[PDB]
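Remarks on the structure that follows.
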Amino acid sequence: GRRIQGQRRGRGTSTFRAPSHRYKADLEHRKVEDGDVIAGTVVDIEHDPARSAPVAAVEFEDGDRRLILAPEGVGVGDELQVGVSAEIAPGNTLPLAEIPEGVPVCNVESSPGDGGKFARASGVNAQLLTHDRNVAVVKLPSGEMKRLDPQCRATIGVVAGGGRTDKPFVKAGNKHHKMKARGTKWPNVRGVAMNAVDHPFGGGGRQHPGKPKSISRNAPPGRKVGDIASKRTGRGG
Amino acid sequence: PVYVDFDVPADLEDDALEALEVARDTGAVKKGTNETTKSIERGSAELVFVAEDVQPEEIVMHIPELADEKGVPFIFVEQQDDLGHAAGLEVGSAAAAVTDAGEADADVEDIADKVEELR
Amino acid sequence: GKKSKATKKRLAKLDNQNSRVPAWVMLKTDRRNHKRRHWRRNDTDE
Amino acid sequence: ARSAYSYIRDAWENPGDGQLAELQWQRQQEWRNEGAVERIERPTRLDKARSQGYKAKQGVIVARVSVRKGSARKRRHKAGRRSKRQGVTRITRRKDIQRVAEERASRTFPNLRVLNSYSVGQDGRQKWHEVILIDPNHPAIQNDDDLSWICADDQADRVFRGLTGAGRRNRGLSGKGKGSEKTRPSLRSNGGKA
RNA sequence: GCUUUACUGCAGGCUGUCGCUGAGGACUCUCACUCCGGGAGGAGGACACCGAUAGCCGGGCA
RNA sequence: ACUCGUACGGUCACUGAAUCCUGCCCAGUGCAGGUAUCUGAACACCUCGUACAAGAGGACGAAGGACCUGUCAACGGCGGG
RNA sequence: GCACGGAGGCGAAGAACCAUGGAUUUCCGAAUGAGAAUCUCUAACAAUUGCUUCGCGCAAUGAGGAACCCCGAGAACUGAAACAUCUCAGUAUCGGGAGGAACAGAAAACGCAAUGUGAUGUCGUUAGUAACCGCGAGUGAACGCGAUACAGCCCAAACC
Ligand SMILES: [Cl-]
Ligand SMILES: [Cl-]
Ligand SMILES: [Cl-]
Ligand SMILES: [K+]
Ligand SMILES: [Mg+2]
Ligand SMILES: [Mg+2]
Ligand SMILES: [Mg+2]
Ligand SMILES: [Mg+2]
Ligand SMILES: [Mg+2]
Ligand SMILES: [Mg+2]
Ligand SMILES: [Mg+2]
Ligand SMILES: [Mg+2]
Ligand SMILES: [Mg+2]
Ligand SMILES: [Mg+2]
Ligand SMILES: [Mg+2]
Ligand SMILES: [Mg+2]
Ligand SMILES: [Mg+2]
Ligand SMILES: [Mg+2]
Ligand SMILES: [Mg+2]
Ligand SMILES: [Mg+2]
Ligand SMILES: [Mg+2]
Ligand SMILES: [Mg+2]
Ligand SMILES: [Mg+2]
Ligand SMILES: [Mg+2]
Ligand code: NA
Ligand code: NA
Ligand code: NA
Ligand code: NA
Ligand code: NA
Ligand code: NA
Ligand code: NA
Ligand code: NA
Ligand code: NA
Ligand code: NA
Ligand code: NA
Ligand SMILES: [Sr+2]
Ligand SMILES: [Sr+2]
Ligand SMILES: [Sr+2]
Ligand SMILES: [Sr+2]
Ligand SMILES: [Sr+2]
Ligand SMILES: [Sr+2]
Ligand SMILES: [Sr+2]
Ligand SMILES: [Sr+2]
Ligand SMILES: [Sr+2]
Ligand SMILES: [Sr+2]
């Protein structure tokens with residue numbers, strides 16, 4: 001047959017690319033030698049096209065002006081700190097080791113110094129649970145207990161823009177506008193609605209997959225469609 | 001470095017090259033890794049020098065053990081070009097051998113002894 | 001359109017080639033410009 | 001008596017034992033960080049180099065080249081093929097890696113001509129060979145009784161036509177009798193069946 | 001052209017084994033190699049990646 | 001490529017606004033998990049064979065299968081007496 | 001000049017014409033200072049190399065050529081009265097490269113087994129033989145022999 005849409009994606013052609021030339025900045029934590037003698041002032045709150053959430057522009061002591069992944073409750077004028085000795089307040093960054101247990105955090109690094117990988121989406125947060133000299137235990141937004149190096153840096157508080165998901169798009173046109181700001185091909189044509197040549201589910205008088213949807217993990221690209229390695233399906237049981 | 005099992009003091013290395021310099025003006029000396037090698041094999045060698053800045057190391061890796069199973073004493077020189085200069089060459093020399101000193105036997109003897117001690 | 005200096009030289013040459021076979025060449029050879037082109041009926045290169 | 005050279009030779013008969021073993025373990029760390037073709041002042045295996053024609057003289061160059069290990073890196077058929085011509089994974093190329101190495105080296109030094117080459121080991125993902133190249137335009141060589149032959153016009157780009165020792169072996173030209181019915185005088189003249 | 005529990009194969013995924021690969025049926029370590037870090041250094045570690053091969057799945061493809 | 005993205009994410013599918021609802025079936029097929037025992041290739045190992053080799057057999061046994069379990073808003077099914 | 005016009009001119013200061021050698025030889029073009037649909041902008045071996053007086057100072061490469069030649073990549077229609085091994089075929093086509101011819105070449109050969117031959121191409125033959133093969137269709141040498149032409153040498157190491 002013909003390659004399915006999932007396969008066209010990988011080629012990274014314009015249709016499937018993200019509007020990167022329009023994206024603002026990479027919100028990675030600052031790199032500090034040590035001492036925490038790094039503080040800056042929030043000079044402005046901006047809209048981040050890539051995340052549909054707000055970001056804050058900060059002017060640091062040493063003259064560096066950079067955008068930062070802002071938690072909820074940060075405003076212009078406010079002073080932020082980044083370092084081992086940073087103060088324990090919303091909007092401040094410091095290694096998990098310095099963070100008191102039971103404190104919601106965001107933009108958590110996976111490997112100390114990577115700039116932040118976890119909990120960066122609208123209104124989300126990781127929950128610092130356990131401390132130690134060898135391992136910091138964090139509860140990520142998905143509910144998973146993640147063991148991290150206590151040297152992994154993070155920002156106190158939850159990500160701004162929470163609740164974004166609580167309101168329905170209502171119109172196709174609204175989805176449309178959001179989609180234009182992401183690396184995604186939209187709208188979506190169902191596999192069952194295509195010709196046999198275009199998808200495993202295509203073909204047949206009436207629409208219906210002519211096979212079970214739960215596909216094996218070992219299936220090759222082009223065939224891995226539907227419910228991938230489902231451990232179960234439905235709502236029952 | 002892989003064939004070097006002990007470090008020689010700058011001062012000892014100094015005396016050796018001096019001895020080697022008078023050895024060529026008085027007695028006899030071999031210049032070059034090949035000639036140095038045949039001397040040890042023919043047993044016609046009293047003291048063999050081996051530079052430490054030799055690349056590739058294969059060129060002189062054999063001198064150490066070969067000398068041991070031949071009783072011939074050997075010493076290391078930090079630089080290749082010094083040994084060549086001391087041997088009286090306009091170029092460098094990865095290894096050298098004093099084939100019978102000359103009015104330096106006393107010194108060459110001490111040098112060999114100072115090494116055995118240095119292990 | 002906007003013609004470059006070179007394009008212009010070529011266009012000019014084509015215009016010149018578009019002339020007739022001199023009358024004397026007729027007498028001399030004792031009896032056509034096979035490359036006669038028309039701006040409308042034809043199409044030049046570029 | 002034994003030449004000092006024989007000791008380098010003897011060391012390389014078992015590159016995985018003795019001092020040579022530790023040298024390779026050390027060196028390869030540096031080699032893995034070098035480029036595809038690195039010129040070197042002196043051969044790593046002197047005995048082999050001199051044996052292959054090397055000389056400490058102007059116009060003689062040595063370069064270490066690395067190539068990825070394994071079989072062919074081929075793309076599966078996009079058009080119809082019978083089971084036989086659908087193979088992709090176990091199909092290997094007809095030129096050995098040493099030959100690929102000789103060619104890359106010669107491309108890097110367009111003016112030089114490949115004289116010979118030899119192996120200097122490998123790790124799990126690549127192989128290294130050192131190639132001896134000669135400057136056919138340098139007088140120190142135009143006047144050398146043992147190398148001036150490589151200055152002739154018909155020796156130009158010799159490696160690309162399989163005129164190298166590795167080239168000739170790979171073309172099945174070693175045997176002078178049985179087995180060389182389709183290799184000599186050329187693979188091509190024999191319909192490419194060798 | 002299309003389909004599939006038609007025939008025969010081919011990609012691909014899973015898995016064992018051999019090489020890369022080191023020291024002291026379960027284990028410690030560091031030195032290759034990998035990853036994080038501007039760097040110091042940190043994490044991991046003879047595994048993983050990669051080469052070779054074996055078994056299974058394999059209209060994704062011929 | 002996704003991705004200047006990180007689960008309030010984005011990938012793969014099905015249904016197709018709101019409203020009231022969405023029953024029964026895990027035997028077969030699919031997916032996933034588990035698995036005492038059974039089955040399960042090659043290398044190495046052992047026996048026989050060969051002054052060697054081919055080869056024959058053995059022991060060990062991964063995934064997989066047998067077997068067990070979960071799962072239908074998974075393929076689908078919901079009859080005759 | 002082709003080219004048989006008109007006008008005019010050149011040639012005994014030996015023109016025309018022919019051979020050999022030299023002069024001139026715009027721009028783009030491998031195209032090489034940078035750029036560009038044959039032009040433009042502000043001293044140029046661009047790029048990769050060797051040597052090196054370490055300065056582009058001295059040099060090399062690049063692109064072309066009817067096919068021939070050498071090294072790589074490598075189909076299908078087709079035949080088998082289907083078709084998968086096989087065939088078509090190492091063909092078509094593709095990548096790289098040399099020359100006037102290429103390539104091969106002085107035995108770790110041959111094995112008419114010998115008290116024998118004696119580098120290598122090629123031609124005739126050996127022969128559709130040996131060998132291969134759903135042992136189907138088909139594929140298919142060699143040694144030798146008769147010819148052509150003949151030619152044999154140089155390193156590495158030992159010892160210096
Ligand atoms: Cl969305
Ligand atoms: Cl060449
Ligand atoms: Cl004979
Ligand atoms: K065929
Ligand atoms: Mg960022
Ligand atoms: Mg878009
Ligand atoms: Mg749809
Ligand atoms: Mg339709
Ligand atoms: Mg239709
Ligand atoms: Mg399909
Ligand atoms: Mg339907
Ligand atoms: Mg006009
Ligand atoms: Mg000579
Ligand atoms: Mg020929
Ligand atoms: Mg990296
Ligand atoms: Mg098909
Ligand atoms: Mg519908
Ligand atoms: Mg509809
Ligand atoms: Mg130009
Ligand atoms: Mg047929
Ligand atoms: Mg064939
Ligand atoms: Mg038949
Ligand atoms: Mg054939
Ligand atoms: Mg024969
Ligand atoms: Na026109
Ligand atoms: Na070259
Ligand atoms: Na063959
Ligand atoms: Na069922
Ligand atoms: Na001219
Ligand atoms: Na040039
Ligand atoms: Na220069
Ligand atoms: Na037929
Ligand atoms: Na047919
Ligand atoms: Na066959
Ligand atoms: Na006869
Ligand atoms: Sr990042
Ligand atoms: Sr970064
Ligand atoms: Sr269908
Ligand atoms: Sr239910
Ligand atoms: Sr030198
Ligand atoms: Sr018109
Ligand atoms: Sr060339
Ligand atoms: Sr509804
Ligand atoms: Sr079931
Ligand atoms: Sr002859």
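Each chain gets a letter, A, B and so on, in the order the sequences are listed, and its residues count up from 1.
Here A:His208 does not reach the OP1 or OP2 of F:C75: none of its side-chain N or O atoms lies under 4.0 Å away. Phosphate contact (OP1/OP2 of G:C71, side-chain N/O of D:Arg94, threshold under 4.0 Å): absent. Between F:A32 and A:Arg232, no contact under 4.0 Å exists linking OP1 or OP2 to a side-chain N or O.
In this structure, F:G30 forms a base pair with F:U71, meeting the Watson-Crick or G-U wobble definition at 3.5 Å. Taken together, G:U25 and G:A36 fail the test for a Watson-Crick or G-U wobble pair, since the two needed distances are not both under 3.5 Å. Taken as a pair, G:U126 and G:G8 do not qualify under the rule of Watson-Crick (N1-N3 plus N6-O4 or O6-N4) or G-U wobble (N1-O2 and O6-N3), both under 3.5 Å. Here G:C94 is not matched with G:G146 as a Watson-Crick or G-U wobble partner, both contacts being required under 3.5 Å. Taken together, F:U47 and F:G79 fail the test for a Watson-Crick or G-U wobble pair, since the two needed distances are not both under 3.5 Å. No Watson-Crick or G-U wobble pair joins G:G21 and G:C54 with the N1-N3 or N1-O2 distance and the second distance both under 3.5 Å. Residues F:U29 and F:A74 show canonical Watson-Crick or G-U wobble pairing, with both defining distances under 3.5 Å. Remark: the bases of G:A109 and G:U117 meet in a Watson-Crick or G-U wobble pair, both edge contacts within less than 3.5 Å. For the criterion of Watson-Crick or G-U wobble pairing, both bonds shorter than 3.5 Å, the nucleotides F:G70 and F:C31 count as partners. Entry note: G:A119 and G:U93 fail the pairing test, Watson-Crick or G-U wobble at under 3.5 angstrom for both distances.
G:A7 has its base anti relative to the sugar, with a glycosidic angle deviating from 0 by more than 90°. By the rule that a glycosidic angle within 90° of 0 means syn, F:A32 does not qualify and counts as anti. A syn base is found at E:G59: its glycosidic angle is within 90° of 0. The glycosidic torsion of G:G99 lies more than 90° away from 0, which places this base in the anti conformation.
Rounding to the nearest 0.5 Å places OG1 of D:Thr89 at 12.0 Å from NZ of D:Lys74.
With respect to C:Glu46 and C:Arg10, a salt bridge is recorded, a charged nitrogen being found less than 4.0 Å from a carboxylate O. The pair A:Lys24-A:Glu46 counts as a salt bridge, with a side-chain nitrogen and a carboxylate oxygen less than 4.0 angstrom apart. Under the 4.0 Å criterion applied to side-chain N and carboxylate O atoms, A:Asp62 and A:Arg30 are assigned as salt-bridge partners.
Residue D:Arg68 is out of contact with every strand shown, counting any heavy-atom pair closer than 4.0 Å. Residue-level contact check: A:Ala219 touches neither bases nor backbone, having no heavy atom under 4.0 Å from any strand. D:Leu187 comes within 4.0 angstrom of sugar-phosphate atoms only, judged by non-hydrogen atoms across all strands, and of no base. Note on A:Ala25: a base of the nucleic acid sits closer than 4.0 angstrom, heavy atoms only. Using a 4.0 Å heavy-atom distance criterion, D:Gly177 is classed as a sugar-phosphate-only contact.
Between the side chains of B:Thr99 and B:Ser39, no donor-acceptor pair is found at a separation under 3.5 Å. A side-chain donor-acceptor contact under 3.5 Å links A:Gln207 and A:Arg190.
Across the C1' atoms, F:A27 and F:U69 are found 15 Å apart, a figure rounded to whole Å.
In terms of position on RNA chain E, the residue among D:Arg73 and D:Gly124 whose nearest nucleotide sits closer to the 5' end is D:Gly124.
Of the two grooves of the paired bases, the major groove is the one approached by A:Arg223, whose side-chain heavy atoms come under 5.0 Å of its edge atoms.
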